[PDB]
Structure formats: C-alpha cells, structure tokens
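So that we are looking at the same thing, I have put the structure below in structure tokens.
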Amino acid sequence: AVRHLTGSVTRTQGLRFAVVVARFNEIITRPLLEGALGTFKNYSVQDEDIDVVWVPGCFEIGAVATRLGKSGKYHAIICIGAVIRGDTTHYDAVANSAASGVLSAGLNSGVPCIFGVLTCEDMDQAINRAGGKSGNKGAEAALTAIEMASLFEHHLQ
Amino acid sequence: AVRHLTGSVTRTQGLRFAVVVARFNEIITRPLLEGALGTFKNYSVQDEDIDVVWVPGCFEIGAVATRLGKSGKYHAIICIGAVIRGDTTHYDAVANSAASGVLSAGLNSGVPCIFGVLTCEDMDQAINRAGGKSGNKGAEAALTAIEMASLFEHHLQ
Amino acid sequence: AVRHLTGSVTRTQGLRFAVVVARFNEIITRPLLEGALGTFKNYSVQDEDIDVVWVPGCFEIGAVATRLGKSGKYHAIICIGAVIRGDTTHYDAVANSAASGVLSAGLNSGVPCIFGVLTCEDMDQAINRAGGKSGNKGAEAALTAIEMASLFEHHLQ
Amino acid sequence: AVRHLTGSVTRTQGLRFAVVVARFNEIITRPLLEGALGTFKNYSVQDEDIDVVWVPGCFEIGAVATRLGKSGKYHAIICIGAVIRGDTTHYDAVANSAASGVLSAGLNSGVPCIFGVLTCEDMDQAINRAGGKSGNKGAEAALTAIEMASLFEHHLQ
Amino acid sequence: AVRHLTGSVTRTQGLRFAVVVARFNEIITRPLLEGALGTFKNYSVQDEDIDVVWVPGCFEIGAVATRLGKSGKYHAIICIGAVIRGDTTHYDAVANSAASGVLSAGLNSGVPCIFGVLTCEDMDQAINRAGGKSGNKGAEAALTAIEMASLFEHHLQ
Amino acid sequence: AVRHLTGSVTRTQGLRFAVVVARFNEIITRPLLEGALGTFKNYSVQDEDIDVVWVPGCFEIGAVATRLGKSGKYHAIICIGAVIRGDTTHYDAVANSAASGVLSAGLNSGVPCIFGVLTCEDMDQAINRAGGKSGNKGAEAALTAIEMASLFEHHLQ
Amino acid sequence: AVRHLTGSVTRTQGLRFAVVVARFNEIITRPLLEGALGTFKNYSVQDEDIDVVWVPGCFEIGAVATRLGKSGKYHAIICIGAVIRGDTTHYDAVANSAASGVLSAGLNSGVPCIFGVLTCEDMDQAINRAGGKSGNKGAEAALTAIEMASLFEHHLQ
C-alpha cells in the first residue's frame, strides 16, 4: 500500500530537454549524442523541444548546465562527455571537476542534470560504452533525463 | 548528569518518510528496499506515511532528495542504491557524486537524508550487505531514518 | 531518402504478449520475469494483454512458444530462461536446444519470439545480467518484444 | 493482475504418457526409467496410461518420439537416455543428434517431448544424476512431462 | 532539426577576457600565457580587452577569478597554472584546490572560468603540453575561453 | 600592450594580515610562523598590523579564517599548518579538510586566504620545507599574502 | 493469503527478561551486556522487568537459564558470553557445552533462551562483534529476545 512514485517514459508531452556535449573525445561523444537523440526521437520528443549545446571540454559542462538549468526553458539537462584517463593523472582533475559541476548544476538549479559523461581508463572501454557490448551511454542518459523530467513535473510538484 | 539526547525508534507516530531507491543494480537495491519497508512496518510506520521514489541511478538520488527534503512533507529521507566498483574506476565518480549529493541534501534542506547506498567492490559483498551475513543495509537505513526523524522532531527543535 | 522502418515502443495499444519463463534457475529467471513485467508496465502494456507461462526447463520453452505463436492470441513471445554452464558440458545441449527451439518458434509461426534466455558460465555473471551491472536481460527482452510486435503489426504488414 | 498459466501436477486424470528409453548405458537408463515410473505412480498416473518403448540407442529416440507424438495416443513423450562422453568425441555426434531429434519431435508433432537424456562426461556424474546427490533425472523428466501435458491439455488449448 | 547552439571563435567583437596565471612553475606557465595571448591576437582580440593577472600560486587562482568574475568587466576568465606532482603528494592538495576553486569561480559568478592549469606528473609532460608534441595548453584554453564567451553572450542569454 | 596586473611586495602601507597557525606539529609550524613573521618584518609590515591566531589543529583553521575574513579587519589571511601523513591514512582526512576549509575561507569571504599548510609524507621533508633546502614555506606564504593583499586592494577594486 | 506470524519489537508491555552473562572474558561480555541493556531501554523495557544474573563462566549458563526458565518469572532468557578459542582446543568443549545448555534451556522450559554467546577464534573478532564493525551481539540478542517473547506471548499461545 506504499505509494511508489516513478517517472514515465511515455508521457513526454510538454517536456523540453537541453543536451550539453563536449567536443573533446568527439569520437566518443558524437555516438553518445546520436544515441541520445535517437532515444529522444523514439519516445516522441520533438526536435524543437531539444537543444544541443557544444562545449570545448567537460570542465565547461558544469557552468553551462547551471546556466541552462536556471533559465527555466528546460525540464532536464543532459551532460554528455568522455574522459579517457590512460596511464597518467592528467585527466583525473577534469573528470572530478566535471562530475562536481554536473552535481552542482543538478542541485543548485532544481532542474535534474543527467551525468552522461564517460570516465573510462582505455578507449576500447569508451567505445564499448558508446554503442558497443555495454550499450550506448547517451541512450541511457536520454532515458534517464526523460524519466527524471516526468518525475519532477508530474510527481514531485 | 549530562543530558544524553537520543532519537526514539518507538515514537513513530506522525513521522513521514520518503525512500529514494535507484533502479540500477536492482538485484541489490530491491532487497534493500524490501528490508527498509519491512523495518518501517515492524516499527508501526503506516503505509500512507511512506513514499517510494524510483530513480534511474544513484547520481540522480541527490537531486531528488533535495527536492523531497525542501517540500516539508517528510521528516526523513532514505537514499537506497548500490554501486559495485569492480576492477575499474568507471563507477567511482558515480559513488562519490551520490555520497556528495546525499550529504548536500541532508545539509541544505534540514531534513535528515540517510545514506543507504552500498559501495562495495564485488557483488558478493553487496549481496552479503543486502540481507546476507552482514545484515540488510536497507533495514539499518530505515532504523537510522526513524531515529533521526525522532531526534529532529522531538529533541532538536 | 532511404525508408528506415523501425518498431515503436510507445504505440503499445492493442498488442498482447506471452512470456514463457522456465522454473529452472528460478533465482535468475524470477528477477528476469519481474524486470520484463516492469518494462511492460512502464510502457502502458495492460495486465490482461500479458500472459505468463511457466515451464519446468528451457528445453520445453521452444515447444510452448510454437504452441503460443500458432494460436494468434499474441503479437510477440518472450522466452525467459537461465542456463548456467559451469565446468561441465551437461547444460550445453540444453542451451543449444533452447536457442534452436526459440529460433524455430520465431520462424515457423510468424510471431516474433524473443530470446531472453541467459547462457552464462558462472552464476555471478547471470546475477549481473539479471539486474546487476549489465542491466536486466528480462527488461531488454520485453523492450525487444514491444519493438518487434510494433514492427510486425505496423510496418511489416 | 497478469495471468500466470502453469501446468498442474495433481490433475493427472485422462493423461497418457509414452516413455522412450534407450538400452545403451542401461546401467544409467534403467534407474532413470524406474525413477520416472515411480514419479508417475506417486502422482496417480495409471499403468495402462503409460507405455514404455525400448530403443537400442539415443539416436533412434527422435524417430520413435516423432512416431509416438504423431499418433495422438499420448499427451507427453519422455525421452530417457544416457550419453557418457569420456575423453573422445565419438559420442558427441550421438548426443547432439539425440537432442536435435527430441527437439524436432517436440516441435513437429505438437506433443511435448521431454529431454531426459543424460549427457555427462564421466560415469560417476551420470550415477549421481540417476539417483545420486543430484537426484534422479528420470523423476524430474516424469514431473516435467506431467506438468507439460497438463499445460497443453488444460491451459494452452 | 534539433537546434545545435555552439560558440563562435570569429565573433570576438566586444568580448573582454581576464587571464589569471600563476608565477609558480613559470618555466611552464609563461609559454602557456604566451600561447594564450598569441591565440587571442590571432582571433582579433584587442590588447585593451585582455587583462593578465599574476598570482604567486595556483591555490590563489580560484580566489582571484571569483573576484574577477563578479566584477562584470570580463566575459570569460582564463586560469593558467602548472602543478607538477612528482613522486610525492605535496602538490596533490594544491592541484585539487586549484581545480575546485576554478570550478567554483565558474559556477558562483556566471562568467565561464577556463581551467588551463596543467596537472602533470613529470616536467617533460608539462613541457610537451606547453608547446610540445601535445600542443599548447594555453592556446587551447584561450580558444575555449573565446568559444565559451561567445556562447554565453550570443546563445545562452 | 596587454595590461599585466600584479601585486606589489613594496606597497605594504595600510595592509593588515592575520596568521592562523595550528599548534599540532609545532616543531614544524613554529619555524614556519617565525619565517612568516620575519618576511613581514623585512617588508615593512608593522607589528600592530599582524595578528597571530593559534588553533589546536589544521581542521580548525578553516573555521577561524572564515571568521577572520568576514570581519573586515584584515586584507589577507595566512593559514600555517603541518600535516605529516606517514604510512597510514589517519591524517589524509585532516589535510583534505584543511585545504577545503582554506579554499572556502578564501572564496566565501573575499579576503585572500593563503594556504601555507605543509602536507608532506615524512618529517624530514617537512623540516626541509620549513627552513631547509626547499626554503621556508612560511616565508613564501607571507610573501604570497602580501602580494595578494596588494593585488586585491590596489588592482582588483 | 498465508498467515505470517512474527514477533513485535514495539509491544514490550508486560514482558520480563532475564540476562545471564558470564564473567569470563569480561572485556567482551560487559560491552555485550551494555548493548543488550541499551537495546532494552530503547524499546521501552523497564528496569524492574530486567534481571541480570552473573555466572563465573559459560558452562554454568545453561544450568542457570534452565533454573530461570522454569520459574515462570521471565518471558525470555538472554545468554551472554564470550568463548575465544585461539590456537588450541581447550575452549572447544566449553563452547559446545554452552551451546548445548542454552539449547536445552530453551527446549526443556518453554521460555525462549537466546544464544548471545560469542564463539570467535581471535579477540579482535570478538571486539568487532561486541560493538565494532560487525555490530553489538548483545544488542542483537536483546532484540531477538524481545521478538521471541512477543511471538510466544501474543502469537504462539
């Protein structure tokens, strides 16, 4: 008898989404964006309700989403990126800052910001998580964004 | 003669709880949710005072609890999730962001948010902490939520 | 300008599905069935349009689906099972026969039969593919069944 | 509210079964047949409703079941055999052909044919699966046959 | 038909930039600053629209950018630094604090702050990322700043 | 022709500084404080413009600087401490919290807080960074404080 | 529709408990007793309804509980002890006899006797099970005693 409130992936009417995608590691972030857009199209999300914002890198994602989340024009924000670490720690700061920025944008704006940024060690892992054996992270991020927008607009208001 | 203020697990009257559970690693998060609901039932918490909110992943937990904690409808928030790390660092960012979001929701809303998110390396460890030899983390989280709600509503006001 | 015909996951009206689930390895096949039913519910598939048929083992799945696919009462058939191989070849024949039976049922009846039968070496892998880090195979099978039914009833007729 | 259609092991009235048992590896196939007959007796299946057909080997099972399944005299077919592989591949063809024949008999006749043929590497494993620590494969095959016959005659018609 | 909003690197008219560069590891931060200034000059950014602020170390960068970002005199902030870790953890705190400060300055002021601070283990890696085989990090930071300023002033307002 | 704004170490007139020094690891923090005071004296900073605040440990530094930075009585805050890690992780939390507190005090008060807290693995390294071959960290912190105060009071206002 | 009879931890009114605690290994049995008493206090069990009986060792526990269980003054008996084995078998007989005595007292008196006697190999394990990472065994024993008393007095009579 406990109320289980879940977001709906079919009630996409009236929901607008903003997708922030980093241009760095575009060989990974472009298939992720294509998967996210395909998921949006498969769930009756119109093109005029989707805005794709390009940023040079993941570090600039958190500032953009906070900018997009505080405008009220979108019900969910998708943060798409790819941070391949490798054998060094040069990109650990970038990945941590991207995660912190996405979390802050989700928490400081009230608009759910979806963390679709890949943080993998090798590039084969990123390829497998961008449309490989592990699925497409962008498609999962788009589905998560739809569910979170439905939850926030139809069940948590 | 020093006043020791503790929360009561028997004075559950008038306390409403919200449970945020992630659908990822549902093989672990569902027994945790069942344990939490069983603990709530065993301590005379009514079904209409419990709301279960489903989120696609742990990263979206912190945004939901902050949404639930700022509404005033609940006296405690339960954050249930499971982050199995494995041999890679792909889920370290997710676990850190989930912990930070739960902490921020607890601190930025005044409603105690309980961190019942499992962060284990293997899945056997998660199974043992979801109703195995290490007990049920969801039951412990529900007891912690009851105690914290009692402390905040009857001793820290 | 090339016509790309795809099945729709939102146009679930008028579609009836039959789910064949084996009772062997029920610790794996029951979470798979629950995931499939949850996916059906999340996509506006009514309970009266879903029939769950229980079989003792995977070998008996192919005979049942062919029985269900030749009745005309369903637009898609879901075959849920779990075959954990181990260190021996005792279950290789069972897995091969289950795959062949599902393929024959899909091909000899005209109703798309979905192969949601797990064939993993260990049980940890089966657990991870039944609601773990690899997702729920039953949910994916239900989504595949919905897409195939939509494709067969709205685009391939 | 989803209809769960299962076969009944208690409604054995009016059900006739044919048991095809191979004479090769009779040290294993005879305890399997005895277990199957004991299971049939324990579930109120009359002797005149059970026909035991002996074949020289497993390869001839698939031709007999298809012969028995197309006569309409039986509601379920039990295929009992034992294929011990060993260190060579001399019996791999026999086991694969037996499995394919049982599957074809189940699919090309409409009468559920139960695969109770043991395919083990050693003979100790076969002994343990013919009334040892792993139970009796013949008893499990008889129970599966009863359940499948009940499902086909009372729920899938 | 999905709107793709990107920043322009050619519409640099009316954009003012502030460059915060740390004096520590000046052998790396000075070529980075020269590369950033060369990129600004190559993209028609006037000298009077560029302010270079020198700080003793990276830890003081985050306080300065927040000071510069809250004045409204600049449309983008460039944070240039170099943190060579080595075999010890003496500089890990400095690098983490610099990253956190740059992220906070970008998020708490609305002016995009660009993280052009190198965090490399050796000095050969820093040299290669300051005008070597890996390009100039300062030039990339300047291009990122131009793109982010254009995006914030012409597309996200 | 690009304006390069730097802080002056000679224009110390009218600048007041607060030095927060932890009493833990006093064998390191006292030479650091003496070096900082000597640097202040060598640059014509009067004694009545310098306040030394003693705290039991580094964890309490961030709360004090925020207290000192929000009073308006000082133009720069010096945070002196020593965290020797060793072979365990008992002091990692202390060092991380001290760094975060100093960064927050610098960012949440507008008064530049200088991180002069040593985070070395051994004590020989701390000794070498407290007046050894690596110089005095306290003297460098005092110079950084003077430069930052001059920058904030004469160039960033 | 199956009746699930469970003991209640909130209906502690009218329930009296006797706690038998061995003085051997008091460094472990005293925190266990304190945890049990704290659990009793947290669940509204009055002091006059709790009797603590001290015995020199675990071997004497079974004789005391049988003495206490046959008096009718208590609804549940708590047996608290600690048997650290070590590298020898000197204490194996003591542990086995204590377990047998507690079981006999529970079975030969009708009053549920709770086995809260720790049987660990090392003392670190006992410390961790007496208020460490594994929780307090005395608190769990007290909760078990409350649940068993409620079950015996309100559901199994």
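Labels for the chains are A, B, C, D, E, F and G, by order of writing; each one numbers its residues from 1.
Rule of thumb we're sticking to: contacts are C-beta pairs under 8 Å (C-beta built on N, C-alpha and C of every residue); 3 or more make two chains touch, one makes a residue touch a chain.
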(request) Could you let me know which interface, B-C or A-C, is made of more C-beta pairs in contact? (result) B-C
(request) Tell me, please, which of A-C, A-E or B-C gives a repeat of the B-G interface, judged by over half of the contact pairs matching in residue number. (result) A-C
(request) Mind checking the centre-to-centre distance between chain D and chain E? Centres are C-alpha means, answer in whole Å. (result) 74
(request) State, to the nearest whole Å, the distance from the C-alpha centre of chain A to the C-alpha centre of chain B. (result) 25
(request) Provide the C-alpha centroid distance between chain D and chain F, rounded to the nearest whole angstrom. (result) 83
(message) Could you pull out the residues of chain G that touch at least 2 other chains?
(response) none
(message) Touching pairs of chains, all of them, please.
(response) A-B, A-C, A-E, B-C, B-G, C-D, E-F
(request) Would you pull the chain B residues touching chain G in the complex into a rising list? (result) 6, 8-10, 42-44, 134-135
(message) So in the complex, the part of chain A that touches chain E is made up of which residues?
(response) 37, 47-48, 50-57, 59-60, 62-64, 66-68, 71, 88-90, 92-94, 96-97, 100-101, 104-105, 108
(request) Would you pull the chain A residues touching chain B in the complex into a rising list? (result) 1-7, 85, 95-96, 99-100, 102-103, 106-107, 110, 112-115, 118-121, 125, 129, 140, 143-144, 147-148, 151-152, 155-156
(message) Which residues of chain C touch chain B once you look at their complex with the stated criterion?
(response) 31, 35, 124, 127-128, 130-133, 136
(request) Would you mind writing out the residues of chain B in touch with chain C in their complex? (result) 25-28, 30, 84, 86, 123-124, 127
